[PDB]
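So you can see what is in the structure, the chains are spelled out below.
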Amino acid sequence: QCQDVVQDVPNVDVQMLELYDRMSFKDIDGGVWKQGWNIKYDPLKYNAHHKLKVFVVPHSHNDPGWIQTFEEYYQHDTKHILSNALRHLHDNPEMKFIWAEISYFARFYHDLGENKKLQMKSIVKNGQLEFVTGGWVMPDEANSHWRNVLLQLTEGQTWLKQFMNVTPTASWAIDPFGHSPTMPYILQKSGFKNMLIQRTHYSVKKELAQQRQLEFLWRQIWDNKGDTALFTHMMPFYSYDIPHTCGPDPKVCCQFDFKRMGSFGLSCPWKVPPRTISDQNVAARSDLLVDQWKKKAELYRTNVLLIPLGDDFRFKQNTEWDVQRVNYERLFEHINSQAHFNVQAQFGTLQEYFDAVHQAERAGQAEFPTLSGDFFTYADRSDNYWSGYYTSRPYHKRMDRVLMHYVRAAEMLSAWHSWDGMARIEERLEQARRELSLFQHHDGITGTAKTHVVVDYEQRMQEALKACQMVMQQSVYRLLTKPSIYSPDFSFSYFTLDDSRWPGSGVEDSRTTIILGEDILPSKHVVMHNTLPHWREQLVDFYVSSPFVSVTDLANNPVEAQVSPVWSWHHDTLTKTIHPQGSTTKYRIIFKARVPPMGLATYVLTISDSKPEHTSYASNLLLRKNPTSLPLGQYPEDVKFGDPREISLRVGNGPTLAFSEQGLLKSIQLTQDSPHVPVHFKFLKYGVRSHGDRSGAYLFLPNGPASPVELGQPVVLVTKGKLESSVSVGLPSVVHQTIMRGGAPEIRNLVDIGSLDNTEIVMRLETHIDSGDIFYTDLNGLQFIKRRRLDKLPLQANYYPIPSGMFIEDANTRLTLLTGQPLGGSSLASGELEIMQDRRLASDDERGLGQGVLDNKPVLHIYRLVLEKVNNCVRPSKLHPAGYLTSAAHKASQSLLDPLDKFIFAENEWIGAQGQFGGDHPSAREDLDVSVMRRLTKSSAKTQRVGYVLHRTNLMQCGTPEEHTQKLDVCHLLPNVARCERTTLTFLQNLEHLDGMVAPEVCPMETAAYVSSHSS
Ligand SMILES: CC(C)(C)c1ccc(C(=O)C[C@H]2CC[C@@H](O)[C@@H]3[C@H](O)[C@H](O)CN23)cc1
Ligand SMILES: *[C@@H]1O[C@H](CO)[C@@H](O)[C@H](O)[C@H]1NC(C)=O
Ligand SMILES: [Zn+2]
């Protein structure tokens, strides 16, 4: 049945880790093709019976924000490009154009008058204007979570199906900074047949070009059979611009960019301008151009050649459409009429190219190689590796993951019911999906936009978060109120969300205190939501106005709780120390919530005059020389003081952690009898070069290995409780916290790089683990890929995206660091892991941004740190390119990305309150997730439809007996099911009508989508 993703090493023609191991990466001057060689061809290769078919594909690369905001670019550029495309294509039936970014197209189309909408539909229907990919954006592939890549793809394609009646099956990704196999994974499961990529390391382009392996069947690294394969075309040259798309010599190709003759303010840096094509020069101009084409064709296996014709925000003015079209028409008429060239050239679309390639393949003229792996870390030239943007603007990288989860929770919570249009549910969800989707752009989440554009993305995401909160809290109120009592005001806040980790303590004072008192309000209901499809327990905390608070479930059963102080860290500009202050009127109450699969659970917080039976109080110990008092109001335990010293902590039966006198982890002891394993946290700094190329938003160009941050004698705070303990230390630029709840610790860093120009702050772990040169990092939160550190490459080349986790291991021991935000990282020596926290760069790095990164703001980064024995685990063989998490590490990642949601009832009394929702939902096996639950129909539809995306990961077998769990059939989650269909991941095409209306569970590493239809 299911493929084995662990024990069968796929046999592929090109495996990128193996290729990397072999390649020398020499950066030699190749001639006019600076990073290649002087291409030679046999003029006799093409003849009357075997012609070269050339497709010139006009395009315009439109960024949804970069140097201008989305709306600024729309007003200044994109609306004119689309208006003039409509006119020019209408009037010139053989002209063609491709379009990628549906965020822009949807904005444009909705503003068109009906006559023009109809004209637009006609040029799409007739194949002149073709959508490529059809996502809301052209996303980053490094930092983006797969769930959000799918979200934005679905947003654009759903719009295209509704308004344009088309669904692209070819993808175009010319600008993201390196490429991920997560893209073909999602695309192939969304109906695609072909994809195109561009930004891959120049040494990779050279190597693959030499072997004619630039077109390949790209399969996943674990896929033995090849069912995940997607045909992929990699472009061969340095850029997608016209100089780098006609052939290997940009001095020649630039002369065929007819916008560069002067009047448009553009020119050719190779110092030979374009000249207007005429009868007196067409033969000569054609001989130069066809020669470039035939050289390019040498790099590929068929007689069908792709020639993109475009650049950033091109095809804006009428005069530009004319100058490109008329000159190319003259070239085509000459070339096609002169038999000696043996060429047939025309304007075409991307799909037309791929269709012709596969026709050639089926005619037996070519066979294509198979490939697995990724295309990180990209370098466009010399030692300029683009690993900086794995970290740039980390506040917004963290915000991405928070909004990811809020969109999921809002769509899921509201899916259970049909809503009246007056509730504005669909409206708020569309807004939230679109703002999160926009941020997936390769200048959004990447942190590579101008300051004011970053602010625009942030404002949009803030509005999206508020939209999600509104939908979530309306849904909770409906799900947990007696039906005959429920009386909604769709504008009212029945609950407010409480989020302990966003924006975070020390970032924003955003959380509401639950105010209780004998003379105001004795008690408060709170509700937790669990978006995961299994029963889950998690500690939750709330701020309360008294320490004398106890917790009950709605059956009035006492729940054990812990109260701790509210501690805030302050950079004391008088004493020049960083030290914690405690509140004398707010306290934290902490208790274990237990919540059904995809469900809700209600608890009550009640005040009393004195210490409640079932609530304990943490001790607090402040370690510093020169302490001063720390009063805590009614908090019943006095703060203790001491000189800095090593300390050890253990919560529950979990690990025992030892810390240095500077408050940093030094060892983990898994069990009572077991060893104290060395695991040391350290903070270091990278700088910037004083000569040569400077680091900026894209590039990481360190001035050598990192240097330790000088710590001084930092203040350390130890809080010890029955349920939760922690060690926090105020370091320069980082308040570092290790939190213990009885399992793997949680690490939080409040990172404020302040005014430290030209500094990158890294967090490193040093261990004994004999990892050598191997480490593992994830791709888009979907899969873990084996990395090999290569000393033949510079330090920055060995940095990779850490979108959600990384690990090192030897025969016996593994250390895994899971993240709540994408950041850059590496393992630069055996036994180490490191991950960048923030970077502040004074200089521009010459990729068009025109500024450094000087807009840093405090960010709360979150992690889980999992030390495990793996000697008993069934792991892939030494040649397998993948790795897999254990159950504990996977659950730890879920605790970061999809925590319980917390709701505080706003009013004094909740009439008709219920204790639970979802107690009857199946508790699915731990490796299965309902990644998406989305109602697809509005309330007017007689047949309601609900869509589910189901993802099964693969966890290592390590000898923990499996306990029986329940089968999850998503098609029966809502009553009155009438049909169940397997669909593409975007929900746009029905693939299978399912027997018995039962949606089968998926195989390890597979993702499927199902839609259930309901008659009532
Ligand atoms: C002229 C010079 C300053 C030397 C320059 C060099 C390279 C680039 C890009 O690669 C820009 C690429 C690559 C980086 C990316 O941020 C941008 C935008 O998305 C836009 O679509 C083009 N993208 C730009 C300028
Ligand atoms: C939409 O596309 C399909 C496939 O070509 C076609 O059968 C259908 O009639 C089109 N719908 C409209 C309204 O043109
Ligand atoms: Zn771009």
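Residues numbered from 1 in each chain as written, not as in the entry; some residues may be left out. Chains lettered and ligands numbered in written order. Heavy atoms only, no water.

X-ray crystallography is the method the PDB entry lists for this structure, together with a resolution of 1.270 Å.

The chain is annotated in the PDB entry as Alpha-mannosidase 2 of Drosophila melanogaster. According to the UniProt record, the Subunit comment for the chain is "Homodimer; disulfide-linked." (UniProt positions renumbered as here; feature names shortened; annotations may be inferred.)

Here we look at the coordination of the zinc ion (ligand 3)
Six octahedral donors around a metal ideally subtend angles of 90 or 180 degrees, whereas four tetrahedral donors ideally subtend 109.5 degrees. Here the zinc ion (ligand 3) is held by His-61 (NE2), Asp-63 (OD), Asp-175 (OD) and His-442 (NE2), and the distances to it run 2.1 Å. Of note is the zinc ion (ligand 3), whose 6 donor atoms meet at the metal with angles of 75 to 167° in an arrangement that counts as octahedral. Sequence positions of the residues that donate to the zinc ion (ligand 3) give the spacing H-x1-D-x111-D-x266-H. Residue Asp-63 is located in the loop between β2 (52–61) and α2 (70–91), and its partner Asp-175 is located in the loop between β5 (170–173) and α6 (182–188); the two are separated by 112 residues in the primary sequence. Both residues of the pair, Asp-63 and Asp-175, belong to the buried class. (Donors = N, O, S within 2.8 Å, 3.2 Å for Na, K, Ca; no water. Tetrahedral: all angles 85-135°; square planar, octahedral: opposite > 155°, others 65-115°. Helix = DSSP H or I, 4+ residues; strand = E, 2+ residues; numbered from the N terminus. Buried < 20%, exposed > 50% of the residue type's maximum accessible area, 1.4 Å probe, protein only.)

Observations regarding the pattern of salt bridges
A side chain of one charge can pair with a side chain of the opposite charge if their charged atoms are brought near each other. In the structure shown here, the tally under the stated rule is 64 salt bridges. Two residues, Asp-311 and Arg-260, come together in a salt bridge whose shortest N-O distance is 4.0 Å. Separated by 51 residues along the polypeptide, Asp-311 in strand β9 (residues 304–312) and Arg-260 in the loop between α8 (250–253) and α9 (282–297) bring together distant segments of the chain. Taking relative accessible area as the criterion, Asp-311 reaches 15% and is therefore assigned buried. One salt bridge in this structure joins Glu-411 and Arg-433, with 2.9 Å as the shortest N-O distance. Linking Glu-411 in helix α12 (residues 394–415) with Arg-433 in helix α13 (residues 425–439), this pair joins segments that are 22 residues apart in sequence. Each member of the pair, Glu-411 as well as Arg-433, carries the same accessibility label: buried. Through salt bridges with shared partners, a single network forms among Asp-498, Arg-501, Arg-511, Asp-541, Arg-588, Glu-724, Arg-741, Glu-746, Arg-748 and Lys-902. (Salt bridge = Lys/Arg side-chain N within 4 Å of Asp/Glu carboxyl O.)

Focus: the pairing of strand β20 (residues 599–607)
Most of β20 sits out of view: 7 of its 9 residues are buried. Looking at chain direction, strand β14 (residues 523–530) and β20 are connected through 8 bridges and run antiparallel. Among the inter-strand pairings, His-529 is bridged to a residue of β20, identified as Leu-600. Direction of pairing for strand β16 (residues 549–553) relative to β20: antiparallel, over a ladder of 5 bridges. Counted as the bridge partner of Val-551 is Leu-605 from β20. (Pairing = 2+ DSSP bridges.)

Regarding helix α5 (residues 146–164)
Compared with the 27 Å implied by 1.5 Å per residue over 19 residues, the 26 Å span of α5 between its first and last C-alpha is a close match. In terms of burial, α5 is a largely internal element, 15 of the 19 residues being buried. Once α5 ends, the next one or two residues include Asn-165, with phi positive near 55°. (Expected span 1.5 Å × (residues − 1).)

A few points about the environment of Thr-531
Mapped onto the secondary structure, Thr-531 falls in the loop between β14 and β15 (536–544). Through-space distance from the C-alpha of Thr-531 to that of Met-933 is 9.6 Å; in sequence the pair is 402 residues apart. Excluding its chain neighbours within four sequence positions, the residues that come into contact with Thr-531 are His-405, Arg-408, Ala-409, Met-412, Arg-536, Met-598 and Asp-898. Here the side chain of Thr-531 touches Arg-408 through a polar contact of 2.9 Å, side chain to side chain. (Contact = heavy atoms within 4.5 Å. Polar contact = N/O pair within 3.5 Å; in protein donor to acceptor, adjacent residues only side chain to side chain.)

Observations regarding the sheet that holds strand β13 (residues 513–514)
With mixed pairing, the 5 strands of this open sheet are ordered in space as β13-β15-β19-β18-β21. A single partner strand is all that each edge strand has here, and the edge strands are β13 and β21 (615–617). Sheet topology note: the strand β18 (residues 561–572)/β21 ladder contains 3 bridges and is parallel. Across the sheet, residue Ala-561 finds its bridge partner in β21, namely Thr-615.

Topic: the state of the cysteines
Per the stated rule, a full pass over the model turns up 5 disulfides. Through a disulfide, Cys-246 is tied to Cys-253; the S-S separation comes to 2.0 Å. On the sign convention where negative means left-handed, the S-S torsion of about -80° between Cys-246 and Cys-253 marks this disulfide as left-handed. Residue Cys-246 is classed as buried on the basis of its relative accessible area of 3%. Described in terms of the sequence order of its bonded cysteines, the disulfide pattern of the chain is 1-10, 2-3, 4-5, 6-7, 8-9. (Disulfide = S-S within 2.5 Å.)

A look at the UniProt feature "binding site: Zn(2+)" in the chain
The UniProt record marks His-61, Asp-63, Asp-175 and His-442 with the feature "binding site: Zn(2+)", using the residue numbering of this structure. Judged by maximum C-alpha separation, these annotated positions cover 382 residues in sequence but sit close together in space, the widest gap being only 12.0 Å. With respect to the helices, strands and loops of the structure, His-61 is situated in strand β2. The exposure class of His-61 is buried, given its relative accessible area of 1%. Contacts of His-61, omitting those with residues within four sequence positions, involve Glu-101, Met-138, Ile-174, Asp-175, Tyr-240, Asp-311, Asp-312, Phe-313 and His-442. Sequence-distant contacts of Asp-63, defined by excluding residues within four places in its chain, comprise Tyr-73, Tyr-104, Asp-175, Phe-313, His-441, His-442 and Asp-443.

Overview of the site of ligand 1
The environment of ligand 1 is formed by 15 residues, the closest being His-61, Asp-63, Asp-175, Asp-443 and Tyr-698. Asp-175 is positioned such that a nitrogen or oxygen atom in its side chain is 2.7 Å from an oxygen atom of ligand 1. Interatomic distance of 3.1 Å between a side-chain N/O atom of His-442 and an oxygen atom of ligand 1. When the free accessible area of ligand 1 is taken as 550 Å², the share hidden by the protein chains comes to 70%. (Near = heavy atom within 4 Å. Areas by Shrake-Rupley, 256 points an atom, 1.4 Å probe, with all protein chains shown as cover.)

A closer look at the sheet that holds strand β46 (residues 944–952)
Read from one edge of the open sheet, 5 strands run β45-β46-β49-β47-β48, paired in antiparallel fashion. One side of each edge strand has no neighbouring strand; the edge strands of this open sheet are β45 (928–935) and β48 (990–993). Recorded for the sheet is a direction-independent mean angle of 30° between the axes of neighbouring strands. Judged from the 8 bridges that link them, β46 and strand β49 (residues 1007–1014) form a sheet pairing that is antiparallel. Bridge pairing links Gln-944 to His-1014 in β49. (Axes fitted to C-alpha atoms, helices over the stretch in contact; angles between N-to-C directions.)

A few points about empty space enclosed by the protein
Taken as a whole and assessed by the stated rule, the structure comprises 8 cavities of 30 Å³ or more. Taken together, 27 residues make up the lining of the largest cavity; nearest its centre are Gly-781, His-890, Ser-893, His-951 and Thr-953. Those elements giving two or more residues to the lining of the largest cavity turn out to be α5, β35 (783–788), α15 (887–897) and β45. A total of 4 residues in the lining of the largest cavity trace back to one element, the largest contributor, which is α15. Residue composition of the lining of the largest cavity, by class: 10 nonpolar, 13 polar and 4 charged. (1 Å grid on protein atoms, 1.4 Å probe; cavity = no way out; pocket = protein on both sides within 12 Å on 5 of 7 lines; lining within 4 Å. Points joined across faces, edges and corners; volume = space filled by probe spheres on them. Nonpolar A, V, L, I, M, F, W, Y, C, P; charged D, E, K, R; others polar.)

Some thoughts on the packing of α5 against α13
For the pair α5 and α13, the least separation of the axes is 9 Å and the interaxial angle reads 115°. Crossing angle aside, the handedness with which α5 passes α13 is left-handed. On the side of α5, the interface is formed by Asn-148, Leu-151, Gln-152, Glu-155 and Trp-159, while α13 contributes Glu-430, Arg-433, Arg-434, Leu-436 and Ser-437. Here the contact of α5 with α13 is composed, by residue class, of 3 nonpolar, 3 polar and 4 charged. (Left-handed = near helix turned anticlockwise from the far one by under 90°.)

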